[PDB]
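What follows is data_30.txt (compact mmCIF, C-alpha atoms).
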# COMPACT_ATOMS: atom_id res chain seq x y z
CA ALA A 1 108.43 99.01 75.89
CA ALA A 2 111.90 99.17 77.42
CA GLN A 3 113.15 99.85 80.95
CA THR A 4 116.73 101.10 80.95
CA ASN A 5 119.11 100.27 83.81
CA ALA A 6 116.79 97.51 84.97
CA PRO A 7 117.66 95.05 87.75
CA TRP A 8 119.75 92.33 86.14
CA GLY A 9 117.08 89.62 86.53
CA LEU A 10 114.51 91.56 84.52
CA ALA A 11 117.08 92.21 81.78
CA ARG A 12 118.06 88.53 81.79
CA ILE A 13 114.54 87.22 81.14
CA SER A 14 114.25 89.44 78.02
CA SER A 15 117.65 88.55 76.51
CA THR A 16 119.39 85.59 74.94
CA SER A 17 122.69 86.55 76.58
CA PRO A 18 123.83 87.55 80.07
CA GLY A 19 125.25 90.95 80.83
CA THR A 20 122.59 93.29 79.41
CA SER A 21 120.88 96.09 81.33
CA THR A 22 117.58 96.76 79.49
CA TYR A 23 114.29 94.95 80.18
CA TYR A 24 112.20 94.66 76.99
CA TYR A 25 108.51 93.82 77.39
CA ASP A 26 105.10 94.31 75.80
CA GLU A 27 103.20 97.36 77.09
CA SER A 28 100.23 95.18 78.10
CA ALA A 29 102.40 94.26 81.09
CA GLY A 30 100.10 91.66 82.62
CA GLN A 31 97.06 93.95 82.79
CA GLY A 32 93.89 91.97 83.50
CA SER A 33 95.71 89.08 85.23
CA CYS A 34 95.93 88.48 88.99
CA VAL A 35 98.79 87.08 91.09
CA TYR A 36 98.30 85.77 94.61
CA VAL A 37 101.48 86.06 96.67
CA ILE A 38 101.23 83.50 99.49
CA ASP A 39 103.87 84.60 101.98
CA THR A 40 104.46 86.98 104.97
CA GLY A 41 102.08 89.62 103.54
CA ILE A 42 102.50 92.64 101.28
CA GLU A 43 103.09 96.26 102.26
CA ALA A 44 100.33 97.39 99.91
CA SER A 45 100.94 101.09 100.66
CA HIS A 46 104.40 100.96 99.04
CA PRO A 47 104.47 103.56 96.22
CA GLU A 48 105.96 100.97 93.87
CA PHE A 49 102.67 99.05 93.79
CA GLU A 50 100.66 102.08 92.55
CA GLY A 51 97.46 100.96 94.28
CA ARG A 52 97.49 97.56 92.53
CA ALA A 53 98.17 95.49 95.68
CA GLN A 54 95.68 94.39 98.32
CA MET A 55 95.80 92.08 101.32
CA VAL A 56 92.88 89.65 101.14
CA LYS A 57 93.52 87.13 103.94
CA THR A 58 95.67 86.68 107.03
CA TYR A 59 96.11 83.76 109.40
CA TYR A 60 97.66 85.89 112.14
CA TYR A 61 96.77 88.87 114.34
CA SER A 62 97.45 91.43 111.60
CA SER A 63 97.62 91.50 107.82
CA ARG A 64 100.78 93.64 107.89
CA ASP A 65 104.05 92.32 106.49
CA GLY A 66 106.32 92.67 109.52
CA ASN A 67 109.13 90.71 107.87
CA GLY A 68 109.70 92.01 104.33
CA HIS A 69 109.99 88.69 102.45
CA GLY A 70 106.47 88.80 101.00
CA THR A 71 106.80 92.45 99.95
CA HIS A 72 110.07 91.61 98.18
CA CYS A 73 108.51 88.71 96.28
CA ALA A 74 105.42 90.74 95.34
CA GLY A 75 107.71 93.49 94.05
CA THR A 76 109.46 91.09 91.68
CA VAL A 77 106.05 89.98 90.39
CA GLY A 78 104.52 93.35 89.76
CA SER A 79 106.06 96.52 91.18
CA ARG A 80 106.64 99.40 88.76
CA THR A 81 110.44 99.44 88.93
CA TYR A 82 111.34 95.89 90.04
CA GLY A 83 108.49 93.81 88.59
CA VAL A 84 108.08 91.51 85.60
CA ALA A 85 104.36 92.20 85.05
CA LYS A 86 104.07 95.90 85.83
CA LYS A 87 100.27 96.22 85.48
CA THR A 88 99.12 93.00 87.15
CA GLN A 89 96.86 92.97 90.20
CA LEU A 90 98.50 91.61 93.38
CA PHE A 91 96.65 89.87 96.23
CA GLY A 92 98.43 89.06 99.49
CA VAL A 93 97.72 86.00 101.63
CA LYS A 94 99.65 85.95 104.92
CA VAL A 95 100.40 82.31 105.80
CA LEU A 96 103.88 83.01 107.28
CA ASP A 97 104.44 84.88 110.53
CA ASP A 98 106.72 87.91 110.86
CA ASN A 99 109.65 85.59 111.53
CA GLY A 100 109.09 83.94 108.14
CA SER A 101 107.77 80.64 109.47
CA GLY A 102 104.43 78.87 109.34
CA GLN A 103 102.84 75.54 110.11
CA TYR A 104 101.89 73.24 107.26
CA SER A 105 98.20 73.30 108.26
CA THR A 106 98.10 77.08 107.76
CA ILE A 107 99.95 76.96 104.43
CA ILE A 108 97.46 74.34 103.20
CA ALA A 109 94.53 76.50 104.33
CA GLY A 110 95.95 79.46 102.42
CA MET A 111 96.17 77.41 99.23
CA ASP A 112 92.58 76.18 99.57
CA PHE A 113 91.56 79.78 100.29
CA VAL A 114 92.99 81.01 96.96
CA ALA A 115 91.28 78.26 94.96
CA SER A 116 87.94 79.57 96.25
CA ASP A 117 88.66 83.31 96.49
CA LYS A 118 89.63 83.60 92.81
CA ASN A 119 85.98 82.94 91.90
CA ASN A 120 85.09 86.28 93.60
CA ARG A 121 87.65 88.38 91.67
CA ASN A 122 87.71 89.99 88.23
CA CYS A 123 90.78 88.43 86.57
CA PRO A 124 89.80 88.06 82.90
CA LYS A 125 93.27 87.07 81.70
CA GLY A 126 93.83 84.42 84.39
CA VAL A 127 95.17 83.70 87.86
CA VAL A 128 98.68 82.89 89.15
CA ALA A 129 99.86 81.87 92.63
CA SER A 130 103.46 82.40 93.76
CA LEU A 131 104.71 80.22 96.67
CA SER A 132 108.21 81.20 97.83
CA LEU A 133 108.18 78.79 100.76
CA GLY A 134 108.68 75.15 101.60
CA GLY A 135 110.01 72.56 103.95
CA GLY A 136 110.48 68.84 104.28
CA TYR A 137 108.41 66.43 102.22
CA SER A 138 104.69 66.28 103.05
CA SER A 139 102.13 64.50 100.91
CA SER A 140 99.41 66.76 102.35
CA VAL A 141 101.25 69.92 101.28
CA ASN A 142 101.86 68.46 97.82
CA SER A 143 98.17 67.55 97.56
CA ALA A 144 97.11 71.10 98.41
CA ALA A 145 99.38 72.52 95.69
CA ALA A 146 97.94 70.03 93.17
CA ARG A 147 94.40 71.08 94.12
CA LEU A 148 95.23 74.75 93.61
CA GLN A 149 96.69 73.99 90.16
CA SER A 150 93.68 71.80 89.29
CA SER A 151 91.25 74.58 90.22
CA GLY A 152 92.59 76.72 87.36
CA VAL A 153 95.51 78.67 88.92
CA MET A 154 99.07 78.64 87.57
CA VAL A 155 101.09 77.57 90.64
CA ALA A 156 104.79 78.45 90.79
CA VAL A 157 106.83 77.16 93.77
CA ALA A 158 110.41 77.56 94.98
CA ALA A 159 112.75 74.60 94.61
CA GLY A 160 114.41 75.32 97.97
CA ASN A 161 117.81 76.54 99.14
CA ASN A 162 119.56 73.36 100.37
CA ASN A 163 121.84 72.58 97.39
CA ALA A 164 120.09 69.20 97.36
CA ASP A 165 117.59 67.16 95.36
CA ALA A 166 114.20 68.89 95.53
CA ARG A 167 112.45 65.49 95.66
CA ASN A 168 112.69 65.66 99.46
CA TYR A 169 110.97 69.06 99.84
CA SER A 170 107.38 70.30 99.58
CA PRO A 171 105.64 71.71 97.71
CA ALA A 172 108.71 71.69 95.40
CA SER A 173 108.31 67.93 94.78
CA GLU A 174 104.69 68.08 93.53
CA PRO A 175 104.96 67.22 89.81
CA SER A 176 101.87 69.10 88.68
CA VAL A 177 103.06 72.58 89.71
CA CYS A 178 105.93 74.67 88.31
CA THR A 179 109.10 74.17 90.37
CA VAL A 180 111.64 76.99 90.02
CA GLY A 181 115.41 76.89 90.60
CA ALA A 182 117.72 79.91 90.92
CA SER A 183 120.54 81.27 88.73
CA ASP A 184 123.02 84.12 89.11
CA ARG A 185 124.06 86.97 86.84
CA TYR A 186 126.83 84.93 85.19
CA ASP A 187 124.40 82.14 84.17
CA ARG A 188 125.55 79.75 86.91
CA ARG A 189 123.17 77.73 89.04
CA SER A 190 122.96 79.65 92.31
CA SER A 191 125.22 77.90 94.82
CA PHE A 192 122.28 77.31 97.21
CA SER A 193 119.71 76.24 94.60
CA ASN A 194 118.16 72.80 94.87
CA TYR A 195 118.19 70.68 91.71
CA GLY A 196 116.88 67.39 90.36
CA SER A 197 114.41 65.97 87.90
CA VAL A 198 111.39 67.67 89.50
CA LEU A 199 112.70 71.13 88.53
CA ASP A 200 110.82 72.67 85.59
CA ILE A 201 112.64 75.95 84.99
CA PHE A 202 115.30 78.32 86.36
CA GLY A 203 114.94 82.03 86.99
CA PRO A 204 117.17 84.79 88.40
CA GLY A 205 117.68 84.25 92.14
CA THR A 206 121.04 85.70 93.30
CA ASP A 207 121.26 89.40 94.32
CA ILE A 208 117.71 90.41 93.37
CA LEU A 209 116.74 94.04 94.03
CA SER A 210 113.08 94.59 94.93
CA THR A 211 110.67 96.32 97.32
CA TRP A 212 111.00 96.04 101.11
CA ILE A 213 108.92 97.14 104.09
CA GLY A 214 109.01 100.72 105.32
CA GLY A 215 108.78 101.97 101.75
CA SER A 216 112.34 100.80 101.06
CA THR A 217 114.27 98.45 98.74
CA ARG A 218 116.93 95.82 99.22
CA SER A 219 118.76 93.00 97.46
CA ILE A 220 118.50 89.41 98.72
CA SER A 221 119.05 85.92 97.31
CA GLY A 222 117.12 82.66 97.12
CA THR A 223 114.91 80.39 95.09
CA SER A 224 112.27 82.56 96.82
CA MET A 225 113.42 85.32 94.44
CA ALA A 226 113.45 83.18 91.27
CA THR A 227 109.86 81.98 91.78
CA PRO A 228 108.17 85.43 91.38
CA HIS A 229 110.12 86.03 88.15
CA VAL A 230 108.38 82.94 86.74
CA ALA A 231 105.00 83.81 88.31
CA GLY A 232 105.13 87.30 86.80
CA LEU A 233 106.24 85.90 83.45
CA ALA A 234 103.24 83.55 83.46
CA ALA A 235 100.85 86.45 84.17
CA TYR A 236 102.51 88.44 81.38
CA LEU A 237 102.13 85.58 78.87
CA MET A 238 98.53 84.88 79.88
CA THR A 239 97.61 88.53 79.24
CA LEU A 240 99.18 88.27 75.76
CA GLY A 241 97.06 85.17 75.07
CA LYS A 242 100.08 82.92 74.47
CA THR A 243 99.17 80.31 77.08
CA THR A 244 96.72 79.40 79.85
CA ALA A 245 97.06 78.54 83.53
CA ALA A 246 96.99 74.80 82.78
CA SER A 247 99.83 74.93 80.25
CA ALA A 248 101.91 77.99 81.24
CA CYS A 249 104.69 76.00 82.94
CA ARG A 250 105.11 73.79 79.86
CA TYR A 251 105.00 76.81 77.53
CA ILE A 252 107.65 78.61 79.60
CA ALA A 253 109.85 75.50 79.41
CA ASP A 254 109.23 75.14 75.64
CA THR A 255 110.24 78.74 74.93
CA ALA A 256 113.10 79.00 77.46
CA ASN A 257 116.72 79.75 76.73
CA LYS A 258 118.20 76.23 76.57
CA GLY A 259 121.67 75.04 77.51
CA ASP A 260 123.01 78.40 78.68
CA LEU A 261 123.44 77.64 82.40
CA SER A 262 126.54 76.16 84.03
CA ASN A 263 126.90 73.91 87.10
CA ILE A 264 123.69 72.01 86.30
CA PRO A 265 123.92 68.35 87.45
CA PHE A 266 123.07 65.61 84.96
CA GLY A 267 119.33 64.94 85.03
CA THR A 268 118.33 68.54 85.85
CA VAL A 269 116.86 70.67 83.05
CA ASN A 270 119.07 73.43 81.60
CA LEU A 271 116.30 75.95 80.94
CA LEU A 272 116.17 79.66 81.83
CA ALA A 273 112.91 81.63 81.72
CA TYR A 274 112.65 83.90 78.66
CA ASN A 275 109.90 86.20 77.41
CA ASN A 276 110.75 85.98 73.66
CA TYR A 277 109.97 89.67 73.19
CA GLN A 278 110.31 91.05 69.65
CA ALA A 279 109.91 94.78 68.96
Please, can you express the file's structure as structure tokens?
Amino acid sequence: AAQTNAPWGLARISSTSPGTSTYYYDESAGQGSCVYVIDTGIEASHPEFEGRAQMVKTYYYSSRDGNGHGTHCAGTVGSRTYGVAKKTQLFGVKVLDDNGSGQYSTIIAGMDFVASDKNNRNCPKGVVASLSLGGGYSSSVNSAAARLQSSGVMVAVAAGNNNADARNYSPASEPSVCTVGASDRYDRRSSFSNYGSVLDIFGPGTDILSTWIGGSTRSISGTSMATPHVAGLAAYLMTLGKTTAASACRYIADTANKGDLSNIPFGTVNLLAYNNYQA
């Protein structure tokens, strides 16, 4: 299948060179997989989700996304026009308030919730969790992310937007999950992207067009935007049978475009997520 005039990040993950405009992908499109987006919520009524999105848990007064961040991330995972895995099932868990903030105790509860809730869902091709959030180092937050990964869920987390070593941020610094940095459309490390040896993979993160609340769209930037590219790619590869939740991060690294990024500090991997599609 091919989507012409795609957002640049989708085109980039299906190409060996920057500057293309077509997203090439297998028609299976993540069908039969499930992605939990743990964030500010999802506007599930957005036409771009086609009935495939559902809020399953909130830690606040409402399940509505009153911010937009979670709806944007979910759109990069699996919306029709802006998504990597266009037939996946999306589940929203609202651990961040409508200002985009949340306490660590609530974020931990949301991770433990997903590890249990997935056993009540029909996800024959596997389960992914996308965490576009983080803060200062916490061994309790790292431990919760490791539990979620151990329970059989492919966990992808943002490296953070401090132009610093991700070792000092959580859950970015948990080794057992997939830690995602951000790149721009000219194959540079995004100027805000964290770096360091704990990074596993880079994805498109600068000027990412996706869904927004009120049935709208907008472009924003962050490692928050790179993470759902990798989460959607994992769901897509699990549906194709190429990998499992336990090994998807390693498989994505193994099959990545290597050495193509600039402004990568010594000791950080030079790997850009790639779907290896062949017509």
Residue 202 in chain A surroundings by all atoms listed in the file, 10 Å radius, close-in-sequence under 3 positions cut, as a compact mmCIF listing (two decimals) with C-alpha atoms, keeping the file's coordinate frame:
# COMPACT_ATOMS: atom_id res chain seq x y z
CA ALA A 158 110.41 77.56 94.98
CA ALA A 159 112.75 74.60 94.61
CA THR A 179 109.10 74.17 90.37
CA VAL A 180 111.64 76.99 90.02
CA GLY A 181 115.41 76.89 90.60
CA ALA A 182 117.72 79.91 90.92
CA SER A 183 120.54 81.27 88.73
CA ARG A 189 123.17 77.73 89.04
CA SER A 190 122.96 79.65 92.31
CA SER A 193 119.71 76.24 94.60
CA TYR A 195 118.19 70.68 91.71
CA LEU A 199 112.70 71.13 88.53
CA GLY A 205 117.68 84.25 92.14
CA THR A 223 114.91 80.39 95.09
CA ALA A 226 113.45 83.18 91.27
CA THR A 227 109.86 81.98 91.78
CA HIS A 229 110.12 86.03 88.15
CA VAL A 230 108.38 82.94 86.74
CA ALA A 253 109.85 75.50 79.41
CA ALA A 256 113.10 79.00 77.46
CA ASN A 257 116.72 79.75 76.73
CA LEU A 261 123.44 77.64 82.40
CA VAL A 269 116.86 70.67 83.05
CA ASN A 270 119.07 73.43 81.60
CA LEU A 271 116.30 75.95 80.94
CA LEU A 272 116.17 79.66 81.83
CA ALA A 273 112.91 81.63 81.72
CA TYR A 274 112.65 83.90 78.66
Query - For residue 102 in chain A, the nearest of the candidates A:38, A:246, A:198, A:208, counting only C-alpha atoms - result: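 Closest to residue 102 in chain A of all the choices is A:38.
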Requested in this report: Select, from A:41, A:203, A:19, A:7, the residue with the minimum atom-to-atom distance to residue 232 in chain A, counting all atoms listed in the file.
Outcome: A:203
Query raised in the report: Of the candidates A:140, A:221, A:132, A:89, which one gets nearest to residue 106 in chain A if we count all atoms listed in the file?
Result: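 Under the stated criterion, the closest residue is A:140.
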Show me, as AutoDock Vina command-line options, the centre and edge lengths in Å to one decimal of the axis-aligned box that covers every listed atom of range 237-246 of chain A with 4 Å on each side.
--center_x 99.4 --center_y 81.7 --center_z 79.0 --size_x 13.4 --size_y 21.7 --size_z 17.1
Report task. To one decimal in Å, tell me the separation between CA of residue 50 in chain A and CA of residue 151 in chain A. Result ->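 Going from CA of residue 50 in chain A over to CA of residue 151 in chain A, I get 29.2 Å.
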Would you mind listing what lies within 7 Å of range 118-128 of chain A as a PDB file with C-alpha atoms, keeping the file's coordinate frame, with all atoms listed in the file counted and same-chain residues fewer than 2 positions away left out?
ATOM      1  CA  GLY A  32      93.890  91.970  83.500  1.00  0.00           C
ATOM      2  CA  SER A  33      95.710  89.080  85.230  1.00  0.00           C
ATOM      3  CA  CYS A  34      95.930  88.480  88.990  1.00  0.00           C
ATOM      4  CA  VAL A  35      98.790  87.080  91.090  1.00  0.00           C
ATOM      5  CA  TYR A  36      98.300  85.770  94.610  1.00  0.00           C
ATOM      6  CA  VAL A 114      92.990  81.010  96.960  1.00  0.00           C
ATOM      7  CA  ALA A 115      91.280  78.260  94.960  1.00  0.00           C
ATOM      8  CA  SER A 116      87.940  79.570  96.250  1.00  0.00           C
ATOM      9  CA  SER A 130     103.460  82.400  93.760  1.00  0.00           C
ATOM     10  CA  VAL A 153      95.510  78.670  88.920  1.00  0.00           C
ATOM     11  CA  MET A 154      99.070  78.640  87.570  1.00  0.00           C
ATOM     12  CA  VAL A 155     101.090  77.570  90.640  1.00  0.00           C
ATOM     13  CA  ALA A 231     105.000  83.810  88.310  1.00  0.00           C
ATOM     14  CA  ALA A 235     100.850  86.450  84.170  1.00  0.00           C
ATOM     15  CA  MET A 238      98.530  84.880  79.880  1.00  0.00           C
ATOM     16  CA  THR A 239      97.610  88.530  79.240  1.00  0.00           C
ATOM     17  CA  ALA A 245      97.060  78.540  83.530  1.00  0.00           C
TER      18      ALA A 245
END
**Report entry** Given all atoms listed in the file as the counted atoms, nearest of A:13, A:77, A:237, A:249 to residue 42 in chain A
**Finding:** A:77
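Using only C-alpha atoms, the residues found no farther than 9 Å from residue 6 in chain A, other than those of its own chain fewer than 2 positions away, are residues 3, 4, 8, 9, 10, 11, 21, 22, 23, 81 and 82 of chain A.
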**Report entry** CA of residue 91 in chain A to CA of residue 44 in chain A, distance in Å rounded to a single decimal
**Finding:**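 Taking CA of residue 91 in chain A and CA of residue 44 in chain A, their separation equals 9.1 Å.
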**Report entry** Option closest in space to residue 46 in chain A, from A:279, A:213, A:107, A:164 [counting only C-alpha atoms]
**Finding:** A:213
Query raised in the report: Which is closer to residue 93 in chain A than all the others in A:165, A:174, A:207, A:117, using only C-alpha atoms?
Result: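 Result for the nearest residue to residue 93 in chain A: A:117.
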Query - Close residues, residue 101 in chain A itself excluded, 12 Å, only C-alpha atoms, min 2 positions apart in chain, as number ranges by chain - result: A: 39-40, 60, 67, 69-70, 94-99, 103-104, 106-107, 132-135
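Between CA of residue 74 in chain A and CA of residue 224 in chain A there is a distance of 10.8 Å.
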Report task. List the neighbours of residue 187 in chain A out to 9 Å using only C-alpha atoms; skip same-chain residues closer than 6 positions along the sequence, and give me the result as a list in words. Result ->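 These residues fall inside the cut-off: residues 17, 18, 204, 260, 261, 262 and 272 of chain A.
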